[PDB]
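Next up, structure tokens for two forms of one chain, structure 1 and then structure 2.
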Structure 1
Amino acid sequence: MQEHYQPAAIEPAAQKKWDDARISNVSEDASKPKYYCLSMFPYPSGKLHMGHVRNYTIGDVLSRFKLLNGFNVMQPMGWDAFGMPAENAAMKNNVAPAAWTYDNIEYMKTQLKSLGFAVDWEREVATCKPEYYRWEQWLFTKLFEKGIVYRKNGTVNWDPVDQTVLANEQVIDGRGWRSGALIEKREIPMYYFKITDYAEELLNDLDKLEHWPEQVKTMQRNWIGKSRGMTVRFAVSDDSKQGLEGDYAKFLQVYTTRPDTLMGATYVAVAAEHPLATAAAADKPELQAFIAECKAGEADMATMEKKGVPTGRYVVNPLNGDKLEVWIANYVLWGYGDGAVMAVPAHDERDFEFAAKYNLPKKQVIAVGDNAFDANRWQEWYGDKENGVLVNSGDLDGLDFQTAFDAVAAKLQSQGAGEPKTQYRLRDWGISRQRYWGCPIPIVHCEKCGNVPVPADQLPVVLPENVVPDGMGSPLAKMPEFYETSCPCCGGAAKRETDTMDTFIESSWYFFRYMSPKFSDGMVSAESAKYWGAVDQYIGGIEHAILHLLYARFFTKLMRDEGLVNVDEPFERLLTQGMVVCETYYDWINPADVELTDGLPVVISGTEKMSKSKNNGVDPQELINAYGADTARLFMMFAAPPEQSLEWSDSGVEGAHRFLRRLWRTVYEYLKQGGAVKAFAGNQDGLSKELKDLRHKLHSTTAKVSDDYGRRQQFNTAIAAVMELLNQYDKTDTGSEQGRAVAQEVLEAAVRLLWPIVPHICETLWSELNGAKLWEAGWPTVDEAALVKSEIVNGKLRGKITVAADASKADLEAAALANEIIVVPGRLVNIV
């Protein structure tokens, strides 16, 4: 054995060994229990970041842990290759997004390989490849025919100068990011997934995810935003009919989730586009100007100032006769149902602020205990939906929320003035992107037949990769060699859709493609979907906790309903790794290039998440080059729990390295002192106290690491536990024949316990210790016998009893009360 730890030498040799044994290239082996461990696949945007490495090391520790326990582990990787990063790289550097993408894939994959993750590179996918996206085109066509995907006009932000559709992330104060020109709102036909048809399924199925973080489930519940409420109609008054036609002449309709407060309404509010708004804004230009301000302006709703103007029109509350004025209010949106709401200032906080601004009335209709009500100050309990009881509500006084709900539902229904209704904040999923580098939408536009889907055997619609976009509209709409085609229905001349898909589509089903990424007759082969089932463990950042996860669960249910898979939920367990943060320097300098206290130094600034913004993300390549993959993986698993933020630390990197030198040194000095022997096993009576204690430390450590890997998923404490065993080992004379056998038992366990964290050094040290295959020896066992510890009358002594080392004060006093009560354990039990 070489005396000194050389990671730059041991690490490539170990990866070659693993690659040559194909331990990570798995099949659908029915003679082994499957384990599907998945880390969120990256955008190939150039080079791996330190955050990447943390995410993917975590996935690797869990995959390697399951593999040592005999599982058939699939840990796939791949490239979420479509989207804007490549388009800007095309604009900025005069190159095709495809070739820029494959260049990045090559570099990053080599980076990922050098970290030694146990990945099935035979299941790699690149989502920008026709091989992949043809199947999401296929699914699009099948759902389009069912109406699950549909086409209708939607609003986009048009920049008149750049001549391109803008996302709201690029419209700043109403103007184009790279232009400042005033943005126009234009109607254009776009494609949508009817995700609202699955809202109830997507909500209730969260209850099945017992192994998801509760906050992630809460974020999804709040996004779907289900509410059970009441449709309520207020008959338009006799004096307020001018210009009103149809049903709008008859009643103002409203959705409320608090119909138990209907007797406390003091006004109503309609959107600027509501017919009662535009009808009262005829002889009243003051309202015409407010209506103008509104369509000029959920994201900003909380932050914005709530404004309204009176209307002079009136409606009648169907429950208590009251005639209440309508208002036009900027907070009422035209499209979220009725476009009109009631207002109960005494029990809704926004209605309170609105009514306090304009001095509008507020009427208590709910009291909570003896809580004092004061109309001039809002208190949290005004909105209490659980401990309130109805006040000033005549026939409803004394009821609680649900009974009043059911009562007003019965009253309104019996008078025809309302009915219960379920609403959702969830909107349909808009697919269309007016950009180049993304999956083409498989629709052909024909003047006779309409918009028609591309037949299955004509898929894929191939995206031309010989394209350099220039931010002046999508190049596809200027490429007749792409959009000119024939109609698949009638054969006449026709045009391809030139919009591309939301790149969330690719990441909504890639976990299924991984099961059979060369299947050519469908999204995923039946045989593979049956074997792998669902992802047992998913690891990714919290920024994807809402949209990506909801889209992925939605696609899972769509694919199941198509008979392609037989699971309801894609991800069983979910782990959210914390960010990696790092000091900043300064414009801004990368930390690997600084005068750490060119010539005059820089300013040591603040610590924040590694990013391009402040140029503070350390290249994991400089870290691998300088210390090796195992030091990188060890540092990140040791510094903090995986969920906590990780602070970049030079001394922490050094400390991980020195610990690996120590592990190396410990094994060498053991084999220097007499070579390998058979590890201690079996009954341990006759072993010395010192060796019994070391074996106790050993098997306690195996139990704790197994729990930390398996149940708690806290790897930093697992490493600390293995450090304590080594410290104990260092304080133990293991020179005797029995001592050498226990020493071999300790080092053989420690090397396997750490193998998921630092597999290169542990693989190398293991083969110096033992001649078997490490993955066939498997995860260390807990020897329960090693955990059992040895056993330890009014004055004059009268007997003696054998006690368990874990016997409580009640057991000493019990055994004392049985031999032929003050108790000092280990010494005497004295019965007065």
Structure 2
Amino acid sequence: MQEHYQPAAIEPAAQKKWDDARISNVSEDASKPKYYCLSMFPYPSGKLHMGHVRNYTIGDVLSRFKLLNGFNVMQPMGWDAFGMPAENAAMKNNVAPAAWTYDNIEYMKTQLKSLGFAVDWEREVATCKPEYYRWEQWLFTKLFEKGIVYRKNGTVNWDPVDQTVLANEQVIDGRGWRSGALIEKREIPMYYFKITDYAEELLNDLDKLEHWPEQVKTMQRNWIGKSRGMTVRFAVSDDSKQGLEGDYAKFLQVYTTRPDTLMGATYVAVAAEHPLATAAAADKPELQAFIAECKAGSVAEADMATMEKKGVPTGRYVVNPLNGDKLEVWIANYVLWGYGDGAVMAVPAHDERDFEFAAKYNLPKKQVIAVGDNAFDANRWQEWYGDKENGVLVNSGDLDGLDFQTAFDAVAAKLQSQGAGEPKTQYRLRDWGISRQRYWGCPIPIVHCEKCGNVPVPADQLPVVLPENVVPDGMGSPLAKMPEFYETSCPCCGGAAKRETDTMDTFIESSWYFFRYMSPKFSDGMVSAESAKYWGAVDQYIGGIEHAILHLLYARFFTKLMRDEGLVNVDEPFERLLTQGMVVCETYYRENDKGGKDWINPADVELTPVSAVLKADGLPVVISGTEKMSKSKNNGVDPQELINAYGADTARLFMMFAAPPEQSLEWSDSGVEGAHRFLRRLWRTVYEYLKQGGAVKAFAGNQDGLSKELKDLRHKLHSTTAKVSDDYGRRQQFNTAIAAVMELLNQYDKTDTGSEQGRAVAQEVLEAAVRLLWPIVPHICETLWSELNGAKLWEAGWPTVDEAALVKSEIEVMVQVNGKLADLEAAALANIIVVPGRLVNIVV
């Protein structure tokens, strides 16, 4: 055994030993209990970053911990290959997106293997391969027949200069982020998943997820946005029926979740596309310009609530069916056509948005809810204004004194009696649009024929192979410019027809890849029935918090779709969910030629501890703030440089010890050095122990007769084992488990283990510590274990707690006062000589 710890001399040997034993290549073996630990598979963008290292180290700690506990652990990894990154690099570097993707896959796979992740590479998948996406094309065709997938016209943001469709997040002030040209709203036929058919199931099944973070479940509930409200119809006044047709001439229908406050409505609002808005804007140009502004807007969903709420009066009026008030109709920008009836009512006294809206335009406010003796102020909003739980109605006629639920039912009774309203259930959730006007994505298996219509590609002809021999130029997606691809024959009649040129939303691949891992080479279906029955669901899911809404909802949606097709048995894909934080780092810059900043990468910077310069020379740089690593401010630390400088074990240890998984991880040069220095300490501790006698049989069994010092070391040992086990299994806080082993090594360093019984306890301490740290730093622990013990580490298993080493030994002492019945004197004083161990007498 070499004296000094050298990672490059032990890490490749440890990986070859694990590969030889095939400890990570698992099968559907009914002997050992299964465990499915899954980390979110990455985009093959080129190289790993620190977020990748953090995610897959967390997954490897939990996987190796379960493997040591006797579980048949599957930890698969694949590549979320489709998407825009390959197309942008294709235009920038004049290469094909497929070749660019496959080269990144090979390089990134080498990095993951070098990190020593216990991954079953025989289950590797690449979502851009036809052997993978043929099965989502298959599920598409099956749901298209059932109507779960359907085709209708939608509105997109078209960029006329870059010649492609843009999301709202890519539109800035009505212009494209790259071209800067005004975008054009265009209606085109697109495909949709009818996810709203599963809204109630996707919402209620969240209650089954007892091992999910409360906020992830809360965020999905708000996204689905189920509400139990009331449809209300306000009759249009006879003086406001100009330009109206049909039921819009008779009434204005709205939806409200607060029908208990219907007596407090002071005005109503409609969307820009509403027929009432159209009829009132016929002779008013200010209303026309306001309708145009609402249509031209491209506010993202994450920003719809933070935009300035603006409205315009119409001069049209409607009548409240309860109290008979005549309310003016307003056109507002926060009312969305397609949500409900495209029109709402407004109660400024009990809705904060209506309060700010009414305060802006001096619209009336009518208090109809009271909570205790709290005073009501029409000029200042208070939080109790919106209380649904502890409020009673006021100024509501015969509804006064009623609580929320009974007033709700009373309003429903009155409205249904007049035929002016009825209870109604609504959801904020929209249907899932999956059509993408891009090349590098899964082709939609639809053929357009003028005789047969939109026809799904038959099951025998799947996949519809995306041609890889394409280099996109940036003048429209190539699939629309490639007749050799879209020109085909109709599979129903054999006549001239054209393939669909749009590709699938890349979230589709990430919505079912966890099932494909169970049988990645299965060519008769999405997942073999035998594999899905054995692996069931994912036991542990690890990934970034930014996927808590869309991705997880899509995966839960796809799991229930595949379940109803008879492919899988479970209702939920992920039992336990671990959401990790981001990795942040310092930023550096030199000031610009024209009053600006130019950001420098930290790896090209050297500090003094004060100022900092760049290593190539000595010209100083300005140290700026800390934030998430990104190419925006050039502060991403390449993990390959960290692996080259210190080795894989140091990287893994720093990621786990710097911050808990949920907390943000701050990059620290001083922190990485401490991690590497602790590995040097662990190596020297084992070396110096073996250099003083060699390995012995670890202490086990009756600890009677052991010294107090060695009994105290065993107590710390098995309490550390119990602490680490509860950290890996229950708390999933790994930096405290590292600190717990550090405390065990500290007490070991302070304990004389030179005697024969001492070296047996020292052997027991070291054999436990290297197994307690093996999930985090497996290379050095595997190397040290083989020096301490000849048995296979994974066959020795997770260290067991010795409960006997946790009991404390005191002596039963009797007391007597005047004949009749230091440390022992203070106890018997809290009940003057003392005979050692047996009696104590209190000479009273």
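Please note that residue numbering is based on structure 1, beginning with 1 at the start of its sequence. For clarity, a rigid core is taken as the largest C-alpha set superposing within 1.5 Å between two forms.
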| property | result |
| --- | --- |
| Conformational change between the two structures, one of 728, 714, 684, 179, C-alpha moving 2 Å or more after core fit | 179 |
| After fitting the core, residue 290 CA displacement of 2 Å or more between the two structures | yes |
| Is_shifted residue 311 between the two structures (CA, 2 Å cut-off, rigid core) | yes |
| Large Cα move at residue 281 between the two structures, threshold 2 Å, rigid core | yes |
| For residue 827, CA displacement between the two structures after the core is overlaid, in Å | 12.7 |
| Per-residue C-alpha deviation between the two structures [residue 93; rigid core superposition; Å] | 0.6 |
